[PDB]
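K.L.:
Shown below is the structure under consideration.
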Amino acid sequence: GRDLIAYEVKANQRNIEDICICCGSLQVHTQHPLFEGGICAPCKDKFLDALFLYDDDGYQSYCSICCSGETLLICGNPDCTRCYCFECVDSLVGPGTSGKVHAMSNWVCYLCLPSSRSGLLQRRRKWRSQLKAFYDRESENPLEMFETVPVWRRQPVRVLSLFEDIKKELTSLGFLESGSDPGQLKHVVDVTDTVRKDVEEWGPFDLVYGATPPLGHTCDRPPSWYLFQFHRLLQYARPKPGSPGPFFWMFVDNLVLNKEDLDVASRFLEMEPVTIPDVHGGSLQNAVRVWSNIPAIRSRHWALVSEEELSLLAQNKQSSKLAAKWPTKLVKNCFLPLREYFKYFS
Amino acid sequence: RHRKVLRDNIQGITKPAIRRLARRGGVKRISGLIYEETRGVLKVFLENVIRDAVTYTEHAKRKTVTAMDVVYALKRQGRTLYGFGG
Amino acid sequence: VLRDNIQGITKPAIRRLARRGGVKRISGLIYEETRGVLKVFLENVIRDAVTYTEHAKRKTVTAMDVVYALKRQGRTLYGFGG
Amino acid sequence: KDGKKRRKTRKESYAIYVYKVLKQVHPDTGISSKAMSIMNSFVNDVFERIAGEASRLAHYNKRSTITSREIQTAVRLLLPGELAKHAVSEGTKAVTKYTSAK
Amino acid sequence: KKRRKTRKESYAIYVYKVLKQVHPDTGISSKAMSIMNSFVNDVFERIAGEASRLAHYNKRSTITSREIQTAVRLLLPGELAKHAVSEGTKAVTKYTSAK
Amino acid sequence: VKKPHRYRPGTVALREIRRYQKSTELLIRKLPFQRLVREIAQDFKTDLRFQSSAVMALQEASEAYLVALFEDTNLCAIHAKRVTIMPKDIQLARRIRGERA
Amino acid sequence: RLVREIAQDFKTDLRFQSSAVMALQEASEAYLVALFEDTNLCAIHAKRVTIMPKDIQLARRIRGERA
Amino acid sequence: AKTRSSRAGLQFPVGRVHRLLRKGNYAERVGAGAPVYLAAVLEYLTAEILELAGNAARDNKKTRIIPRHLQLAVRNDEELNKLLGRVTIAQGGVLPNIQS
Amino acid sequence: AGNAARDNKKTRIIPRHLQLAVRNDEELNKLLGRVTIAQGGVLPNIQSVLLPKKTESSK
Ligand SMILES: [Zn+2]
Ligand SMILES: [Zn+2]
Ligand SMILES: [Zn+2]
């Protein structure tokens, strides 16, 4: 029943809030976070879970609006991460349009277009605060929620990379502009003599990234040092309390800190880590723990990944240390939800 | 286009199927975590054999996987199968 | 004299090979067992290695006959054939 | 009479020969087509094994001729135990019969 | 010495030049050189025998770069096969349209 | 009431072991195994097409492989003074075979 | 002397090369080290650390070499 | 017209083995005695398995050899099990062997 | 092998370096699984159950 929900509004003169736009159902628990309308309880529960879940293959593992698995299309403008199913587009705006949308990779999505009224879609003003209230009512966990940054009121990202360079990554990920060096990323190898005055002189920061050494133990400095300095300069770079400004952070560990240091890092960053496994080439390859406040980053950990297998991989990697590249590609993906917060360079 | 992506067919390998394959294997008592591990090992085995057989189909300039390409894919992996043409 | 060359494989030789294999502790019945298995592993090679020497109409078993007898059993050995 | 309706390439086999050998060792026992396909695949498999082993035995000695001696050494390598010790006697008896049948 | 004249071929003078292109100062022993020679002969006979089977399967009495391509896609595991097929295709395309 | 006859956990088990060792039919259901083969084939090539004999050959080879694997798994279970197979036994069997690669 | 005594049975009055006997010793020691690796895994699996002939028989029975 | 099969007292075709040696790109030349010797070896290896399969059929009170009879014929003999150790026979099952 | 030689402070590849080069890589170990390299040895890899517990009781 997907061609009926486009009939209940036009003919019966009913409120969009009184029909579940996901699976076509007539029962409505709450109001939909992104757009005006109602959502049945199972679809509501699953929709929240889908946002948390992170997929390597596409921006969204399951569909945004109705939470379907297949029929995934990509957003035209590369500065947007939204993905919708074919059945939502057909059901709401009209049949035979989903194919047209999927046919090009440069088709401007619903949020990038100047007018957000397509025919059966309504946008929300200052939606992120309402979205935080949505998480507050049922998500049972108040995950770190910074106001969303509009495209019209967008700022150049100011990046502070500590102990590890990400300019290649962010450039590949479209966070840093190539060809022009205004200096929107400062790589700082040594930070022992950094002071609040220095950070204030360096210009205000919006994203501060840090990461542990690669598996070949390049430097002879204890790995907790990277965490503790990352925390310090992080606190320095946080905006003045009582200011509507985004501040994101991410500390990444390639299994170089033991359980003692792991609990210490988890306590200071006030959350449990995120273990990410890499594509199996027969058994298991490598894995990485990540702390961050970036949306849909905590749910990235996969329950299948065991501790003992991880310990064995760590001890086979530490002692062998064949490859010694920082896994930039492993931690490259995790910034993908941040795309809607800063400007993208194609 | 006109091809629905088949999914969750690893659960088509049911619990009594792995039970009967353990009865033929001589196993008297099976633990509860056997079934996920057995699905995973059967999935990796089919990945290896179909990875060979689709490449045999690729070089033959066809779009149909034959029984002879399955026998070649298994005889390459040192598991010679009889009854389908060597 | 012509029977105790299987005991020419000594207890410290099997001790050193099991230390290389990462074995922490060895029981007293390992040494009778391994001398059996190694002996079988020589026969299955030498039965082949003499046979190539039969077909070449030679009397010397060369390194190439050993490399071919191991390659036949899926134990391809490197660094003895040019 | 009807003839040549559907042109199909005659796939060779060993089915009538395995049938002859089975009637020589068991004068009343039949065999299914599935087991006949298994025996056909067995004869193809062991043919490829002994021919490939004889090809390696020919290439190792820098000779470009496969005679009965290369097949004999391939049989002595591939067949374990008494199988080689009887198959070499059967093959040598057959070659002795074939050479002096004129 | 006219009766003492038998030159066995190898791959020493080539693996030495590939080593000097990869590591311009690292050397190699003669035992490791014989191991690299046996490795080149092993992988050569693997890809040649596999391509010969892949020609005989399709009733073709000719080996071209396509049989060697699918033999590399069968014998080499994982990304190693993809990089070897990329390098082989690039070298064949450079070879055909050269001087 | 002691009317409904119930067996021991070591009677019907051995009875079905003797039943399914003397049988030659396929034990995995044909259509879910066929859907699994098609799903695994969709990652390598799109728009494939299987002969029925090819799927039957895959099913014969996969069931024979799993029966041999459960025989080595049963030996690994008995060696640890147990009659219960566990994923440790399957991992040990595929480690000693040399299939952790 | 072990290789010569084992070779006495298949043919009388062999000759060996030094490289052939060294190749046999390289392959035989590598085979035994891999065998004691699987033997040690079989010993660890039975909650022990000491290897036993049961472990060597189990490793060779899972390798499919009991013939 | 006397065929080479009955000239050597064999049953397997000498000519078909001869042209399959010449077709398979094994060597440049193929000897005259080699297909005779190989047909004799294949005939002995066929006759032994058909003898054991006929004995397994007679034990099962059947006059047709099913693939279960070839399975029991190959797996019970230890030299044929060593020959076909890495070979799966379809429609075969396994041996009724229960651990003590 | 040049990386394994540079780790071992040597400017000449010995068969130990080829052994460590092939066996540490997973795709080369899959390629050369049933292959013995002469004068190689094995990987220095000790299991985590045969070591004595070098830990301290928290209580
Ligand atoms: Zn719904
Ligand atoms: Zn967009
Ligand atoms: Zn949707």
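Along the chain as shown, the residues are counted starting at 1.
According to its header, the structure was obtained by electron microscopy, 3.1 Å.
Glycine is treated like the rest: Cβ placed from N, Cα and C.
Straight out of Swiss-Prot:
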LIPID     F:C76  S-palmitoyl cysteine
MOD_RES   F:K2  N6,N6-dimethyllysine
MOD_RES   F:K3  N6-methyllysine
MOD_RES   F:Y7  phosphotyrosine
MOD_RES   F:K22  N6-lactoyllysine
MOD_RES   F:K22  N6-(2-hydroxyisobutyryl)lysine
MOD_RES   F:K22  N6,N6,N6-trimethyllysine
MOD_RES   F:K45  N6-methyllysine
MOD_RES   F:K45  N6,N6,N6-trimethyllysine
MOD_RES   F:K45  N6-(2-hydroxyisobutyryl)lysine
MOD_RES   F:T73  phosphothreonine
MOD_RES   F:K81  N6-glutaryllysine
MOD_RES   F:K81  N6-acetyllysine
K.L.:
Select from F:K2, F:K3, F:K22, F:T73, F:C76, F:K81 the recorded positions whose C-beta atom falls under 8 Å of at least one C-beta in chain G, and return them in sequence order or as 'none'.
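P.N.:
Cβ contacts with chain G under 8 Å: F:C76, F:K81.
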K.L.:
Could you round the CA separation between the residue listed as 'phosphotyrosine' and F:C76 (S-palmitoyl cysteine) to a whole angstrom and send it over?
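P.N.:
Between the Cα atoms of the residue listed as 'phosphotyrosine' and F:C76 (S-palmitoyl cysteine), the distance comes to 28 Å.
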K.L.:
According to DSSP, does F:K81 (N6-glutaryllysine) sit in a helix, a strand, or coil?
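P.N.:
Note: F:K81 (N6-glutaryllysine) is coil by DSSP, not helix or strand.
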K.L.:
Just checking: which of F:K2, F:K3, F:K22, F:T73, F:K81 have a Cα that is within 10 Å of the Cα of F:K45 (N6-methyllysine), counting only these modified residues?
P.N.:
none
K.L.:
Take the C-alpha atoms of the residue listed as 'S-palmitoyl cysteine' and F:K2 (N6,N6-dimethyllysine) and report the distance between them in angstrom, rounded.
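P.N.:
That comes out at 39 Å between the alpha carbons.
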K.L.:
So what sits near F:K81 (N6-glutaryllysine) in its own chain, CB-to-CB under 8 Å and at least six residues off in sequence?
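P.N.:
Expected: none.
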K.L.:
CB neighbours of F:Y7 (phosphotyrosine) within 10 A?
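P.N.:
F:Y7 (phosphotyrosine) is surrounded by 9 other Cβ atoms within 10 Å.
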K.L.:
Taking Cα atoms as reference points, rank the modified residues F:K2, F:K3, F:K22 by distance from F:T73 (phosphothreonine) and give the first.
P.N.:
F:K22
K.L.:
How long is the line from the C-alpha of F:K3 (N6-methyllysine) to the C-alpha of F:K22 (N6-lactoyllysine), rounded to the nearest angstrom?
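P.N.:
F:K3 (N6-methyllysine) to F:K22 (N6-lactoyllysine), Cα-Cα distance: 32 Å.
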K.L.:
Select the most exposed residue of F:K2, F:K22, F:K45, where exposure means the fewest other Cβ atoms within 10 Å, treating these as the modified residues.
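P.N.:
Selected from the modified residues F:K2, F:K22, F:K45 on minimum Cβ neighbours within 10 Å: F:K2.
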K.L.:
Taking only the Cα atoms, work out how far F:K22 (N6-lactoyllysine) lies from F:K2 (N6,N6-dimethyllysine), in Å, as a whole number.
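P.N.:
Cα of F:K22 (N6-lactoyllysine) to Cα of F:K2 (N6,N6-dimethyllysine) measures 34 Å after rounding.
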K.L.:
Across all chains shown, how many C-beta atoms besides its own are within 10 angstroms of the C-beta of F:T73 (phosphothreonine)?
P.N.:
31
K.L.:
Sub-8 Å Cβ contact with chain H: please pick out which of the modified residues F:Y7, F:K22, F:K45 have it.
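P.N.:
Listed in sequence order, the modified residues near chain H are F:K22.
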